[PDB]
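A.B. asks: The structure follows.
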Amino acid sequence: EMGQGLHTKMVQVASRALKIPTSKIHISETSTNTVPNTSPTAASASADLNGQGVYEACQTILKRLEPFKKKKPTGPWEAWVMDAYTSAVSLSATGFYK
Amino acid sequence: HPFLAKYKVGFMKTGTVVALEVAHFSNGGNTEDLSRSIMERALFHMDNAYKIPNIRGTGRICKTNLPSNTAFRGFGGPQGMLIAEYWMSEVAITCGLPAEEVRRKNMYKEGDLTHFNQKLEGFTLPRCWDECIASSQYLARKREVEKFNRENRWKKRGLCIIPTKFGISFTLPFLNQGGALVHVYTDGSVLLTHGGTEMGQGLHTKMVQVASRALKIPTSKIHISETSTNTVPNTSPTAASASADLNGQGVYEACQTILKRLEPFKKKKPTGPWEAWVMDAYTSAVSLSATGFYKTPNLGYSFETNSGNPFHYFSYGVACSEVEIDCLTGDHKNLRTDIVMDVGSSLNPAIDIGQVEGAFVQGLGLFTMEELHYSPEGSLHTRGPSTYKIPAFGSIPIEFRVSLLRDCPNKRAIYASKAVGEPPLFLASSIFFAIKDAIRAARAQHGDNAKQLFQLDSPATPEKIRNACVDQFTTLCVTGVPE
Amino acid sequence: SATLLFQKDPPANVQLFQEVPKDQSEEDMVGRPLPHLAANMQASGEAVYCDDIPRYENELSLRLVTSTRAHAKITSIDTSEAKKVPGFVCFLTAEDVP
Amino acid sequence: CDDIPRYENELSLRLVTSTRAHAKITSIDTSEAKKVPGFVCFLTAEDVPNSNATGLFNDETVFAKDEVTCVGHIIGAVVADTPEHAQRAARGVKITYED
Amino acid sequence: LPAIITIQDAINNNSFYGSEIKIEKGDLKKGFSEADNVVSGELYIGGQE
Amino acid sequence: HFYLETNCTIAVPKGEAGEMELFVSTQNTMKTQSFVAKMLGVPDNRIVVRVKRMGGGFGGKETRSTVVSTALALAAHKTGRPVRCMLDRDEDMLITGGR
Amino acid sequence: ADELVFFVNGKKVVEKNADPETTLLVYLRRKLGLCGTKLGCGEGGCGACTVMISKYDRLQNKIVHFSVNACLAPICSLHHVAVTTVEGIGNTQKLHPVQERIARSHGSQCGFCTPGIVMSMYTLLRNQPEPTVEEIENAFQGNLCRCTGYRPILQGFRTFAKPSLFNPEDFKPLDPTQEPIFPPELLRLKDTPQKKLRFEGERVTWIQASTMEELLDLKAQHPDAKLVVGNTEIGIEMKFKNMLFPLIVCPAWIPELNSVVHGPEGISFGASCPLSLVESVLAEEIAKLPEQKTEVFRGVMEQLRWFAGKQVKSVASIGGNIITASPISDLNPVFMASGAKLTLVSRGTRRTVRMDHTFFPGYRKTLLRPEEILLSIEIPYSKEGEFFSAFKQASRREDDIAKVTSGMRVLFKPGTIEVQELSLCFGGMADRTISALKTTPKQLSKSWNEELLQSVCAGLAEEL
Ligand SMILES: Cc1cc2nc3c(=O)[nH]c(=O)nc-3n(C[C@H](O)[C@H](O)[C@H](O)COP(=O)(O)OP(=O)(O)OC[C@H]3O[C@@H](n4cnc5c(N)ncnc54)[C@H](O)[C@@H]3O)c2cc1C
Ligand SMILES: NC(=O)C1=CN([C@@H]2O[C@H](COP(=O)(O)OP(=O)(O)OC[C@H]3O[C@@H](n4cnc5c(N)ncnc54)[C@H](O)[C@@H]3O)[C@@H](O)[C@H]2O)C=CC1
Ligand code: FES
Ligand code: FES
Ligand SMILES: [Ca+2]
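Chains B, Y, F, U, E, G and H, in that order, are what the protein sequence lines are. Residue numbering for the first sequence follows the authors' numbering, starting at 1037 and increasing by one per position. Residue numbering for the second sequence follows the authors' numbering, starting at 840 and increasing by one per position. Residue numbering for the third sequence follows the authors' numbering, starting at 544 and increasing by one per position. Residue numbering for the fourth sequence follows the authors' numbering, starting at 593 and increasing by one per position. Residue numbering for the fifth sequence follows the authors' numbering, starting at 692 and increasing by one per position. Residue numbering for the sixth sequence follows the authors' numbering, starting at 741 and increasing by one per position. If you use the authors' numbering, the seventh sequence corresponds to residues 3 to 164, 192 to 493, in order.
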């Protein structure tokens, strides 16, 4: 983030991808030990590249929650997440795009 | 948790036990915390190594105005098992049969069900037992103990061999899960993290060894820096001896993902080095970051139907210990301990032997040295090393022998290993029962009957040892009489 | 033996374990007695534990205040003497929990 | 970045740069730098543990060695207790050039 | 206020965390009746820091 | 570029295994990490670069930020103490180049 | 003056505003940033804070080296000494043999106790480059480890004395000539005579006395001035019993309080002599004199085997134990049973007392007047037909508080087994050290036989 509102856009993307309000999603910082081998934030490309990466990480999560969403079709987001955790389903995912 | 137990055991003249009823009470303190799960594990281990056809254990956790008691290496197990070993000692004494024979004949066989109905498969305990009996020269040393005791009125020796079975897995099934995150930077160096925390048990060392095997690169190329909630979320505590099992699998899966991504570059350059494959994958825009996850399958016990497996597998081990007590002061020396431990195919025998010895010495403290004192109004008096006496350099057995069982791979855990953290702690009860044997030798010298079942609470401190060695001095002090 | 001054024989230790298979790679360390990775730094006092982390210039210190009674009502709390101590910042209680 | 609180043991650095567009460095004199209270050290190419070659195409120095190739070429860095002491010490680093 | 300190204080006051936990298998009445010997006792095990 | 926040790095050495954490106003964490690691002679897995936000970059912090980061990482390694440098505007305009 | 000057790892530290409440541990960690030295208990029991002190001993014209608990060492006590921490002996770029061997032998698990154990072993080697296995174990009486079970530490260090988990053949050899130089400055500074120092903190003033006259004058005008030598009681009272003594005087530099004098009746030790000095002189005397002469000496030595460990005995004074007057002092029963002679001084007075029941009139009280100090204690030679035993039983053998501790002496009429004198003294049986004075007089002129045993036992059962 250098003022171009990249984190704002990524939260907007993730919120649509996960179908949850932006208020439930937070980006704190950028670090080499969370995402490695990153291109510079440059070439106006960062929302395109990171947006796709964010979208894909979110799709992995949604795919893991689907059996719990299917069982409790209206039960809130928080119910599916606690159900996934107590069923020992991973709630962490990487995403990537080229 | 302090435990109080009320037991009743029925047995044959052969020493075969046929009925066991035990009520347990624990002192939980002023919040629930882990107390009920601790009581569950004690109940799971009230059999120790013994098949008992008619059995009833109950547990109650007391709510008290004391600081809240919690998890401690063993987690109710050592308390449940010492009770088992205590009535078992009384069964042998009552029958007039050697303790080691009575224990052996009551031991489970391969394929037996426990009192909670889990099948004992890959039951290596009889092997640990026979190897320890043999390497400790137990029967020859029994004779030398007997001879020392004939030649010495005011010092007595005692010798005891004790087995153990310890169930591996959190008693709350969903906690048996683990996560990892791995990065490969473009110089080919690997940054690894997992949910486990380093507290001296060498977990990061084992995970680096695991990752190095999984990736087929030297350990020198792999680094773990720290544990953080923002690299691996929703982690179970580093507890239940489970962490290398759980995180090892997670680490392994993250590494497999990386290898699968590198395989076409490995195919293009079959001999070209790791660094070439990694740079090739990077400049072909292939992801060099992966999560890994694992959950232990098929777990879940029900107390209502007494069915379902609480544990993934069991750890087994046996310890033989010899002591020499000073009947006039209550002091004793730990002369020799032999331990044979099934750690599966050890991930790191240096770390695993370190864990056996460390765990054993904490149990030695639990059963013989470490005592907490409270005012009648519930204020802890014991608040530092001056009054709380943990084992010192001089407290350890003079001959200290540890063997890891050979040829016993455990397929269902990472690279055929077994967890090692907690299981050996209880084996220090061999010192407690060696002391009880020494005390019995001292009591017989005062004419006080064999087959007499005198009281020895835990810990067996100098106070408890000295008071139990009844003689002309104790008699004079207590009642005012002797000769 | 009642009159003997305390004395032990010298220690005699034996550690037995299994060698890894003969054709296991020397770079494959699983089952080998690799020393704890931090052992050298621990021996040298270079390993960092929580309190070894340097303090920030603006860092503050906390001390817990605990009950001296097993079971009692708290009828009052007086912090007047506390407030006189140089460097005193605040006393936190249940009221302060957000 | 600079809003982050300083550690109690934190030091300040000041870069020392070339005042010539193309010249040989013939000597560096830090006599005056060393007189500034709080002075710790002056880092040069000699202090680099591994490689002094940097930049996207590996054609740049971390610190100038033997020659400077622009006005602004980083020759070294003063380390001091405070930014004020670092600036004063960096002024006392005297460089001699041959154009 | 009235304090409950020891295990026996708690038993006397019915001060417990939840209900009794129990595992039972087989036939105790028959087990005890057909045994050659019966031995009963109590054991106390201190805590640990 | 005249980003309102000039180039800035804090390097925090961790005293174990060559581990270092850098807090940097940079558009390029990867090259910051690589250039620091290569200068120090440690693997990339020892160096962590963190960026919360920059007060502007506009391309000027895509590579040129590293001339501050490396000098600072070196001072931190040498001293075993955290070290910080924020460039003055005159320093930044001179050293870091432009379009 | 008022500047505090010492060395840490060979580097001069000048502290212009030394607070008497500052310990060495806090100073190393928070002022110098040297965090290798750990806090594990703050009460002398764990050894995690063990460091080495070197100083020039003006009495002996020699450099001495000893370990101490940094958690209990006031920095105001350390003027003109050299401190060595784990950082001073080596690092991962060049490990000291002590460091390398504990690491490679798997003697370091969590690693928090490791620097303190390293420093205890290091200190032993500076004093004895080739120790016995017994000396090695004795070095660690004041070090605790919760992880390793001790075995690998002792086994790795055994290589310094006189498939496998590690290879002792790959260990780098020890070259004692390569240890850090004793700071030349401190050798130059010992040429200048020591003067009184005053340190003023937020709550406490510390006076480092240089002469007896200074000390006695201070005690005369301010009898409330609290003497501190090793700080192994006072440090505990301040930190744990919330005691504050606004005026402290440290008499440790004073020659008369540090002297060892061999006399006709025994050996007198200055009251500030550390327990480690008492141990070293009595050991020499036990080795060279006839057994007949050394019964009381061997009684003291038996007690000192089980008295704390090296770090505490390096700074703990003999007079500090006597004056603290704890009911469970391990030495007072022995001094009482032997009737050791104490010299008491104030400004304008000097008197002698043989320690007996009257020396301890109440709980933690002695017969000393507020302005008096203990100057010396004479530990006596035993006579022909005089025998002595000392006993201690605690909860643990090593570094523990006695439940009962005892000194016992018998003198026999010459050539006989008939009792001339009998003294049985006990700690841990009352609010002070006591003598069994109802039981023992009944035994005089009795023969040492079963009837005497039974009479003493019945007497003790009633009296105690
Ligand atoms: C870890 C540890 C283990 C211990 N183990 C034992 C043990 O096994 N047995 C045992 O008996 N004690 C033990 N102690 C207690 C203590 O170490 C001894 O009592 C020690 O000798 C006190 O000496 P000091 O110089 O440190 O006294 P300080 O703390 O400096 O002073 C103690 C008291 O003596 C007074 N004093 C000192 N010198 C004089 C003087 N010459 N004239 C008049 N008053 C004086 C002081 O004013 C103060 O009241 C232990 C303490 C610790 C911390
Ligand atoms: N820190 C350590 O590891 C060690 C410390 N020391 C000594 O232990 C002392 C502990 O101090 P405190 O807790 O204040 O203990 P204290 O000095 O008050 O002594 C307590 C002991 O005195 C006896 N006692 C006291 N009053 C009695 C009475 N009325 N009747 C019968 N017996 C009575 C009992 O034996 C009791 O255990 C320290 O000051 C130190 O001198 C000794 C060994 C080890
Ligand atoms: S910290 Fe435990 S002895 Fe100093
Ligand atoms: S290794 Fe952890 S206490 Fe010694
Ligand atoms: Ca609890």
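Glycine residues also receive a C-beta, built at the ideal position from the N, C-alpha and C atoms.
For a contact meaning CB atoms closer than 7 Å, what does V788(G) contact in chain B?
C.D. replies: The answer, in chain order, is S1067, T1068, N1069.
A.B. asks: For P1188(Y), collect the residues of the same chain with a Cβ closer than 7 Å to its Cβ; drop the 5 residues on either side in sequence, then sort them by chain order.
C.D. replies: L1243.
A.B. asks: Pair every Cβ in the region 76–84 of chain H with every Cβ in the region 24–38 of chain H, then say whether three or more of these pairs are closer than 8 Å.
C.D. replies: yes
A.B. asks: Measure from the alpha carbon of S774(G) to the alpha carbon of each residue in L859(Y), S1028(Y), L998(Y), then state which is nearest.
C.D. replies: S1028(Y)
A.B. asks: Starting from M54(H), follow its DSSP beta bridges and name the residues at the other end.
C.D. replies: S69(H), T86(H)
A.B. asks: Taking all protein chains shown into account, do 16 or more other C-beta atoms lie within 10 angstroms of the C-beta of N908(Y), making it buried, or fewer, making it exposed?
C.D. replies: Result: buried.
A.B. asks: Taking the straight line between their C-alpha atoms, what separation do you get for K339(H) and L306(H)?
C.D. replies: 11 Å
A.B. asks: Per the contact definition of three or more C-beta pairs closer than 8 Å, is the region 346–361 of chain H in contact with the region 456–471 of chain H?
C.D. replies: Contact holds: three or more Cβ-Cβ distances are below 8 Å.
A.B. asks: From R943(Y) to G35(H), what distance separates their C-alpha atoms?
C.D. replies: 58 Å
A.B. asks: Using a Cβ-Cβ cut-off of 9 Å, state whether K551(F) counts as contacting chain Y.
C.D. replies: Chain Y, which has a Cβ nearer than 9 Å to the Cβ of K551(F), makes this yes.
A.B. asks: Within the 9 Å Cβ cut-off, does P822(G) reach chain U?
C.D. replies: yes
A.B. asks: What residues from the region 1018–1051 of chain Y come within 7 Å of chain F, judged by C-beta to C-beta, listed N to C?
C.D. replies: Going along the region 1018–1051 of chain Y in chain order, one finds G1041, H1043, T1044, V1047, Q1048, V1049, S1051 with a Cβ nearer than 7 Å to chain F.
A.B. asks: How would you list, in chain order, the residues of chain F whose beta-carbon sits under 9 Å from the beta-carbon of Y1091(Y)?
C.D. replies: Here the premise fails: no neighbours, minimum Cβ distance about 11 Å.
A.B. asks: Under a criterion of Cβ closer than 6 Å to any non-hydrogen atom of ligand 3, which residues qualify, in chain order?
C.D. replies: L41(H), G42(H), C43(H), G44(H), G46(H), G47(H), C48(H), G49(H), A50(H), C51(H), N71(H), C73(H)
A.B. asks: Would DSSP call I835(G) helix, strand or coil?
C.D. replies: helix
A.B. asks: Which residues, in chain order, does the region 693–715 of chain E contribute to contact with chain F at a C-beta distance below 8 Å?
C.D. replies: If the cut-off is 8 Å between Cβ atoms, the region 693–715 of chain E has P693, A694, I695, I696 near chain F.
A.B. asks: Enumerate, from N- to C-terminal direction, the unbroken beta strand (DSSP E) stretches of 3 or more residues contained entirely within the region 1028–1087 of chain Y.
C.D. replies: 1029–1033, 1061–1063
A.B. asks: Mind pulling the chain B residues with CB within less than 7 Å of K1134(Y)?
C.D. replies: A1124, listed in chain order.
A.B. asks: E715(E) and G896(Y) - do their beta-carbons sit closer together than 9 Å?
C.D. replies: With a cutoff of 9 Å on beta-carbon distance, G896(Y) and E715(E) are scored as near each other.
A.B. asks: Look at the alpha carbon of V233(H) and the alpha carbon of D594(U), and state the distance between them as a whole number of angstroms.
C.D. replies: So the two alpha carbons sit approximately 40 Å from each other.
A.B. asks: Can you tell me whether DSSP reads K1107(Y) as helix, strand or coil?
C.D. replies: Three-state DSSP puts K1107(Y) in a helix.
A.B. asks: Grouping DSSP H, G and I as helix and E and B as strand, with all else coil, what is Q558(F)?
C.D. replies: Looking at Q558(F) - three-state DSSP - the assignment turns out to be strand.
A.B. asks: Identify, in the order they occur along the chain, each residue of the same chain with its Cβ nearer than 8 Å to the Cβ of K342(H), setting aside the five sequence neighbours on each side.
C.D. replies: Closer than 8 Å at the Cβ level, and outside the excluded window around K342(H), lie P303, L304, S305, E308, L333, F336.
A.B. asks: Within a Cβ cutoff of 6 Å, which residues of the same chain sit near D951(Y), ignoring the five residues on either side of it in sequence?
C.D. replies: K890, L959
A.B. asks: Just to confirm, does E569(F) get its C-beta within under 8 Å of one of the non-hydrogen atoms of ligand 5?
C.D. replies: It does not: the Cβ of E569(F) is nowhere closer than 8 Å to a heavy atom of ligand 5.
A.B. asks: Just to confirm, does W282(H) get its C-beta within under 8 Å of one of the non-hydrogen atoms of ligand 1?
C.D. replies: no
A.B. asks: Taking 6 Å as the limit between beta carbons, can you name the residues of its chain near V671(U), skipping five residues before and five after?
C.D. replies: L603, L605, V632, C633
A.B. asks: Report the neighbours of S610(F) on chain H: residues whose CB is nearer than 7 Å to its CB, in chain order.
C.D. replies: Going along chain H, no residue has its Cβ under 7 Å from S610(F), so there is no contact; the nearest lies around 17 Å.
A.B. asks: Assuming the contact rule is C-beta atoms closer than 8 Å, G1131(Y) and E1092(Y) should be a hit. Round their C-beta distance to whole Å, please.
C.D. replies: 4 Å
A.B. asks: Could one say the Cβ of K432(H) lies closer than 9 Å to chain Y's Cβ atoms, at least one of them?
C.D. replies: yes
A.B. asks: Which residues in chain F sit within 7 Å of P597(U), going by Cβ to Cβ distance?
C.D. replies: Result: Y599, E600, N601.
A.B. asks: Going by DSSP, what residues sit across from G456(H) in a beta bridge?
C.D. replies: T434(H)
A.B. asks: Can you find a CB in chain H that lies within less than 9 Å of the CB of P578(F)?
C.D. replies: yes
A.B. asks: Is any beta-carbon of chain B found at less than 9 Å from that of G758(G)?
C.D. replies: no
A.B. asks: Applying the criterion that 16 or more other CB atoms from any shown protein chain within 10 Å of the CB defines a buried residue, is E570(F) buried or exposed?
C.D. replies: Here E570(F) is exposed: its Cβ has fewer than 16 other Cβ atoms, across all protein chains shown, within 10 Å.
A.B. asks: DSSP three-state call for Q1095(Y): helix, strand or coil?
C.D. replies: DSSP places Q1095(Y) in helix when its eight states are reduced to three.
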